[PDB]
């Protein structure tokens, strides 16, 4: 088995189905950014400690879901031989329940917080912002091609999950969040 085929050496790559695209095509960029997020989630999970073990399984579950999203991003809406398989309903509800629970448990803020704290909380803020970068890429693709809009819904919700989980990670080690000193009351 050779994972290097060399077929990409001139700048084109195969997507799902027959088409080849330049590697900078917005479709390739979209699922490539999802893959970068997925790798960062793996890195974040590797930082789990005894205080934060309760977050481990759901990070692995998110990795599984990000593969399901990437599949659909790699699939043209008019490819007769392949169809969209990601459905947002249940995964997105699942994220919302976590967001509600973690928002309830941590100390309430009205103001923006500095993205930081523990190493794990900080990594969850990095995940938050890479998710949002991948979301931008997905919207770029959406403006040119038909996509599975359920992926967008889920990826939008996912960055709120990472915010909530980052605060929960600080709570699990009793690290206080720090406020942005010039913040207005923005959370209502």
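Residue numbers count along the first chain shown, from 1.
Averaged over C-alpha atoms, is the B-factor higher for 140 to 148 or for 41 to 49 in this PDB entry? Comparing 140 to 148 with 41 to 49, the higher mean C-alpha B-factor belongs to 140 to 148.
Regarding 84 to 92 and 114 to 122, which shows the higher C-alpha temperature factor on average in the entry? Comparing 84 to 92 with 114 to 122, the higher mean C-alpha B-factor belongs to 84 to 92.
CA B-factor ranking of residue 172, expressed as a third of its chain: It belongs to the middle third of the chain when residues are ordered by C-alpha B-factor.
With respect to C-alpha B-factor, does residue 158 fall in the lowest, middle or highest third of the chain as deposited? It falls in the bottom third of the chain.
Split the chain's modelled residues into thirds by Cα B-factor; is residue 20 in the lowest, middle or highest one? Answer is middle: the recorded C-alpha B-factor places it there.
CA B-factor placement of residue 69, once the chain's modelled residues are sorted into thirds: Middle third, going by the recorded CA B-factors of the chain.
Name the third of the chain's ranked CA B-factors that contains residue 34, choosing lowest, middle or highest. Lowest third, going by the recorded CA B-factors of the chain.
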